[PDB]
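Below you'll find the structure, written out as structure tokens, and then a few comments.
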Amino acid sequence: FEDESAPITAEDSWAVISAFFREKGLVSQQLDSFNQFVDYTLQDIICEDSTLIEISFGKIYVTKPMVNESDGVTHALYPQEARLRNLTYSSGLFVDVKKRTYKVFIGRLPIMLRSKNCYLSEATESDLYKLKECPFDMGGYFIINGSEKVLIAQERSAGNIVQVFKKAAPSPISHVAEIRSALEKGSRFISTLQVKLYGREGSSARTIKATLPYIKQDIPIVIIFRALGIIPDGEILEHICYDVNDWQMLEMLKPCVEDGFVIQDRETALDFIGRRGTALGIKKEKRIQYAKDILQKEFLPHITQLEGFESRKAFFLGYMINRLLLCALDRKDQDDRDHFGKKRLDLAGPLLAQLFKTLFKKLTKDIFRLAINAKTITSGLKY
Amino acid sequence: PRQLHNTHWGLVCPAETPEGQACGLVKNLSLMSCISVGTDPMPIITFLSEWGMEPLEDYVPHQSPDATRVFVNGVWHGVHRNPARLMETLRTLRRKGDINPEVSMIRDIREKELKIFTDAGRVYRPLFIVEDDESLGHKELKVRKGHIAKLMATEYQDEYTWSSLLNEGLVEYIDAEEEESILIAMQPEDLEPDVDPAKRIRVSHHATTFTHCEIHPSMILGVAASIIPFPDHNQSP
Amino acid sequence: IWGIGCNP
Amino acid sequence: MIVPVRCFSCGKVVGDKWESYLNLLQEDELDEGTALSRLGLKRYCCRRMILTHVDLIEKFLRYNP
Amino acid sequence: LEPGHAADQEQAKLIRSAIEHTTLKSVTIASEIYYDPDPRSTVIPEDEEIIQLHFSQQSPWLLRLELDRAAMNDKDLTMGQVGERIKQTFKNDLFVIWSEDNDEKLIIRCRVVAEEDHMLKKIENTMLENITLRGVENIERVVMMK
Amino acid sequence: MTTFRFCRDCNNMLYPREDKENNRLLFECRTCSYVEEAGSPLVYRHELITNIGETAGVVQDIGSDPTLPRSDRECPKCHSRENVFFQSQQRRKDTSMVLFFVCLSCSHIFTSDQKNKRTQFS
Amino acid sequence: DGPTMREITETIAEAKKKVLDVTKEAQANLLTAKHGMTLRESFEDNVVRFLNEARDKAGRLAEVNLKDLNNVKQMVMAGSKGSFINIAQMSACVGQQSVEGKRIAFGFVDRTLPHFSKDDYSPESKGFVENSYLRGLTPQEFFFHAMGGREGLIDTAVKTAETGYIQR
Ligand SMILES: [Zn+2]
Ligand SMILES: [Zn+2]
Ligand SMILES: [Zn+2]
């Protein structure tokens, strides 16, 4: 009688769909993104540079929506009234400082309707009708200065993704492998890396040089591998070409080896880089030290910024070179900059995190100069 | 940027864009699109080496070319021989819920690469999972009439929820990137093993490879277009 | 709309 | 908001058949098609008037002031 | 085409190939550099017949191009033409020899006439791109129609 | 097909040198003083028309790739009928549309090119 | 006409044979490249000629049928709004979609949509819309027709601008 293991029919689809919308509604992208901010992202920002040369910030608490009254108690604030009375449906921010010799209010956060923090998230149907808020409101917006504001999803290219591109017949570079590495949390330092293939098909010795940050000259890739500790030709090509039989690829590199001949060891390699990033009066060690820090923090940061991970970057740099060549050898087509799988849509959550970071970094600067300007925040966000 | 890319299928409405300057630059998410909120990769990266992922520090290529390399959020964490069983597990874990549904895992078999994505901002949609774990016939959608009854059972009572479906490996979330590695059935009916001349003509089900099945094709549409009657008999513009 | 050598 | 008083197209008075029509469904468990013909709505212009109406006043009444 | 030859689909073909630009790159299968020391006998078996057949300074390095017969006779090209063109390209700065039009393989051999292996890779390049075998500069595709 | 060697001691690339006195090919190192004779006289090869890359992607788990098309031709070896096929993986404009099949039973690679001009497909 | 619809359906079914054979041909490496063209260039060329001939002949079959009572035809005979191409897309085959003068490209790796298999150059895969507007489009036919649709909207925006500046 209706075998529960009977195949499903096309009509049975809408049941699965209704279930979907019954659980997410229509603007979950808004709600979810914002909730993720309040619940997790918000805190994680209070811990980045949460220490000053001591004073360290601890836990964050987000009040329910309230109003700053001139000549009056702090009142609870419901959206309906925030609209009418040109207010900003926001909730207070409270941190937990630890003053050590060597709560606290800190700004207002505008809140997205129907988000966990909003008053309508837990409201029943009649609770809404009493509150003069249509039960049909889906609410993925904010109420700022009385007007309802929406944060349009900003679409951008994803980060930490290798991409090779051919190049205009005129330029001396025939192909470029690019990555725009950035850190997920803390500070999003986006230092682009570019592995360029000089010379067009039929030019003499098509050389490959990388572009490191803060260094005023493209550096032959062999010099970089050696700067990273991988010294012998054989070992370097082994990180690039993973097939001992691919004589064609190996052949494309011959001019690279030759291009980095002069440099035969890690120190000379580092100095080579250090010099293209230092003035002429700087002493060897300082130069070499400059190149170490660069390769450690400015070079491929999405991988690591710590110390003993030189082998991890050499293989990744080799990977990029591999993919660059695989394209110059007409074995793969240059990457499609329009493939949606490599895009990302920024919403209230992520968007609100850039401002908040930056702003919190200003509130964190002032403290380095209870001596806290809460308005720095409530204004920036509201602005 | 303003042209309608293939990879927009199911993720962004193909019809609702504004005329003029903003044409193709201002888009609208399709009814069932969602956006990843972000998850920590630590657990996964941990499980990965517990399951045989050779650390990059000990990887010698000329000594194991067939190796598959694994990336997590863009980072090449390591290499792994026989990745097949790791992928089986990874999918099972995600279909349980031990790995967040939101997490995208893709295995490019010919390219010898396994890539995982945990970051926010990836647009994805839900599809019916189709596996042959069913003996009785062949390859079928894991959702059966018994499931739909429970769904509607909870409806009528206004507890089987959308989340239940996710938790019981019946439906999966899928982003454009992962969408690359699968084969999707348009109608659950073309999973089957003198024709009305009035109907529109359709193509065959020469697919014994189906890995998923669309919940419903009319879901590629966004909100605005979802209000047009018979949009499939109308001229595109 | 129509085909190649025509409109899209 | 409320049952229009008359059928836009012809004038038939229809603002007096909404409660009936509503009962003809719940308490008599009839179908809208049969329900409408039994209310005398024979031509489709008058039919659409009721079959399509949306009683939004019922939602407005739920507001306190 | 000229007045009295507008129907000769064959004169149309000749003019097409006389106008259409053609470099060695468009007719070459592959290029190789061998260490072939004895200018007389060869390390390459197939080319023994070609060297003997050429008796009725030079470096030990050998540049050897393998041309494709299809693209060849297609663009109406002769081993003697291609070869004589290359030779009259590198003055006396290059020894050139080539198999004949009857031989089963179209092959060109060149020796510089010490940093040799290098000059050669450059010469190898100049040949594939800068030498015009037949045709006019800039005219690439050339299609006939009626 | 210039398969090259590296130094025995320092693992660096070797370069072609000529033994003028005996007229033979040697490969020296430019770091140390290592030096060896040559395998073949072929020092360099440039293929204007190439085949390498066509077959790229023939992995052990290639049959479990759901996106790949399947046919039931007969492999010239085990005559099995479980095939998976793809077009030339090279990404040139001047490529053909020939198909390459992979026996899922013995992993043998065969073609539909009725002008089969090669034996290994590598 | 009931019969005309059968004639139209077969007319296309015939084009999918002509295209299917040019494929087996080309897959065997028997197609001969037309001087100054790639195999793949001339391959496409033929499939597009085939499909268009179909679309066209499918459209005339529909045109011929319509009686003089037919109002659409009555408008056409007088001059006011409407052409062959319009009647053809409504009644017979809608046609082949296309972006930048080619058939729908492999946006996904080696395929137009995730519903097809890799290396599928058939007409259904690459954008030919067999159905008419009357019959309705299939989801794949629908998306492809939207891809083509967007191309027009885009340069209607462009064409618009570029001409208001030229005229000045
Ligand atoms: Zn009426
Ligand atoms: Zn050495
Ligand atoms: Zn076999």
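Letters A, B, ... go to the chains of the structure tokens in the order shown; residues in each chain start at 1; ligands are counted from 1 in the same order.
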**OP:** Taking only C-alpha atoms and all ligand atoms into account, report as a VMD selection string which residues have an atom no farther than 12 Å from an atom of ligand 1.
**Re:** chain D and resid 4 to 14 40 to 50
Generate a file of the selected residues that holds C-alpha atoms, formatted as a PDB file, in the first residue's frame.
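The new file result.pdb reads:
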ATOM      1  CA  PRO D   4     -16.151  43.765  -5.840  1.00  0.00           C
ATOM      2  CA  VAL D   5     -19.770  44.945  -5.808  1.00  0.00           C
ATOM      3  CA  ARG D   6     -20.188  44.075  -9.489  1.00  0.00           C
ATOM      4  CA  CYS D   7     -18.585  42.120 -12.297  1.00  0.00           C
ATOM      5  CA  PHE D   8     -16.257  44.503 -14.123  1.00  0.00           C
ATOM      6  CA  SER D   9     -17.358  43.350 -17.572  1.00  0.00           C
ATOM      7  CA  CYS D  10     -21.157  43.154 -17.341  1.00  0.00           C
ATOM      8  CA  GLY D  11     -22.499  44.556 -14.082  1.00  0.00           C
ATOM      9  CA  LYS D  12     -23.947  41.408 -12.509  1.00  0.00           C
ATOM     10  CA  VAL D  13     -24.153  42.087  -8.799  1.00  0.00           C
ATOM     11  CA  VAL D  14     -21.520  39.857  -7.215  1.00  0.00           C
ATOM     12  CA  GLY D  40     -25.675  31.637 -10.867  1.00  0.00           C
ATOM     13  CA  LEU D  41     -22.337  32.764 -12.274  1.00  0.00           C
ATOM     14  CA  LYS D  42     -22.722  31.245 -15.739  1.00  0.00           C
ATOM     15  CA  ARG D  43     -20.652  33.484 -18.029  1.00  0.00           C
ATOM     16  CA  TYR D  44     -16.899  33.476 -17.474  1.00  0.00           C
ATOM     17  CA  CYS D  45     -16.592  37.214 -16.924  1.00  0.00           C
ATOM     18  CA  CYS D  46     -18.563  36.962 -13.686  1.00  0.00           C
ATOM     19  CA  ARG D  47     -16.901  33.674 -12.813  1.00  0.00           C
ATOM     20  CA  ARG D  48     -13.396  35.145 -12.779  1.00  0.00           C
ATOM     21  CA  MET D  49     -14.709  37.914 -10.556  1.00  0.00           C
ATOM     22  CA  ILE D  50     -15.118  35.504  -7.632  1.00  0.00           C
TER      23      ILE D  50
END
Original post:
Counting only C-alpha atoms and all ligand atoms, which protein, DNA or RNA residues come within 8 Å of ligand 2, given as a VMD selection string?
Top reply: chain F and resid 6 to 12 14 28 to 34
**OP:** Dump the neighbourhood of ligand 3 as a ChimeraX atom specification: all residues within 10 Å, distances computed on only C-alpha atoms and all ligand atoms.
**Re:** /F:74-83,101-110
Original post:
Can you tell me, as number ranges by chain, what residues are no more than 8 Å from region 74-80 of chain A when counting only C-alpha atoms, ignoring any on the same chain fewer than 4 positions away?
Top reply: A: 64-69, 84, 89, 113, 119, 131-133, 143
At most 9 Å is the cut-off: for each residue in chain B with any atom that close to an atom of chain G, write down the nearest atom pair and the distance in Å rounded to one decimal, counting only C-alpha atoms, chain first then increasing number, as a Markdown table.
| residue | atom | partner | partner_atom | distance |
| --- | --- | --- | --- | --- |
| B:2 | CA | G:154 | CA | 7.4 |
| B:3 | CA | G:150 | CA | 6.5 |
| B:4 | CA | G:147 | CA | 5.3 |
| B:5 | CA | G:107 | CA | 6.6 |
| B:6 | CA | G:107 | CA | 4.9 |
| B:7 | CA | G:107 | CA | 6.3 |
| B:9 | CA | G:143 | CA | 7.5 |
| B:14 | CA | G:146 | CA | 6.1 |
| B:15 | CA | G:146 | CA | 6.6 |
| B:19 | CA | G:153 | CA | 6.9 |
| B:20 | CA | G:157 | CA | 5.2 |
| B:21 | CA | G:157 | CA | 6.7 |
| B:23 | CA | G:154 | CA | 6.5 |
| B:24 | CA | G:154 | CA | 7.6 |
| B:176 | CA | G:108 | CA | 8.8 |
| B:179 | CA | G:114 | CA | 6.6 |
| B:180 | CA | G:108 | CA | 6.1 |
| B:181 | CA | G:114 | CA | 8.2 |
| B:182 | CA | G:114 | CA | 6.6 |
| B:183 | CA | G:115 | CA | 5.4 |
| B:184 | CA | G:115 | CA | 4.4 |
| B:185 | CA | G:115 | CA | 6.0 |
| B:186 | CA | G:115 | CA | 7.0 |
| B:197 | CA | G:5 | CA | 7.9 |
| B:198 | CA | G:135 | CA | 6.8 |
| B:199 | CA | G:135 | CA | 6.2 |
| B:200 | CA | G:135 | CA | 4.9 |
| B:201 | CA | G:131 | CA | 6.4 |
| B:202 | CA | G:138 | CA | 7.2 |
| B:203 | CA | G:124 | CA | 7.7 |
| B:207 | CA | G:117 | CA | 8.8 |
| B:210 | CA | G:115 | CA | 8.7 |
| B:217 | CA | G:139 | CA | 6.2 |
| B:218 | CA | G:139 | CA | 7.6 |
| B:220 | CA | G:139 | CA | 8.7 |
| B:230 | CA | G:136 | CA | 8.1 |
| B:231 | CA | G:136 | CA | 8.6 |
| B:232 | CA | G:137 | CA | 5.2 |
| B:233 | CA | G:133 | CA | 4.4 |
| B:234 | CA | G:133 | CA | 6.3 |
| B:235 | CA | G:133 | CA | 7.4 |
| B:236 | CA | G:149 | CA | 5.2 |
| B:237 | CA | G:149 | CA | 5.4 |
Original post:
Which one of B:155, B:133, B:108, B:113 sits closest to residue 67 (chain F) if you count only C-alpha atoms?
Top reply: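 Between B:155, B:133, B:108, B:113, the residue approaching residue 67 (chain F) most closely is B:108.
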**OP:** Hey, list the chain A side of the contact with chain E: 8 Å cut-off, only C-alpha atoms, answer as an MDAnalysis selection string.
**Re:** chainID A and resid 202:204
Just N, CA, C and O atoms for this one: save the residues we selected as a JSON list (two decimals), in the first residue's frame.
[["chain", "number", "residue", "atom", "x", "y", "z"],
["A", 202, "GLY", "N", 59.02, 31.10, -31.19],
["A", 202, "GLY", "CA", 59.97, 31.43, -32.22],
["A", 202, "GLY", "C", 60.94, 32.54, -31.86],
["A", 202, "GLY", "O", 61.69, 33.02, -32.71],
["A", 203, "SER", "N", 60.91, 32.99, -30.61],
["A", 203, "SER", "CA", 61.84, 34.02, -30.17],
["A", 203, "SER", "C", 62.98, 33.19, -29.60],
["A", 203, "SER", "O", 62.81, 31.99, -29.37],
["A", 204, "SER", "N", 64.14, 33.80, -29.40],
["A", 204, "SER", "CA", 65.26, 33.06, -28.83],
["A", 204, "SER", "C", 65.07, 32.91, -27.32],
["A", 204, "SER", "O", 64.48, 33.79, -26.67]]
Could I get the residues of chain G with an atom no further than 6 Å from an atom of chain C, each paired with its nearest atom pair and that distance in Å to one decimal, using only C-alpha atoms, sorted by chain and residue number, as a tab-separated table?
residue	atom	partner	partner_atom	distance
G:95	CA	C:2	CA	5.1
G:96	CA	C:3	CA	4.3
G:97	CA	C:1	CA	5.2
G:98	CA	C:8	CA	4.8
G:101	CA	C:4	CA	5.9
G:148	CA	C:8	CA	4.7
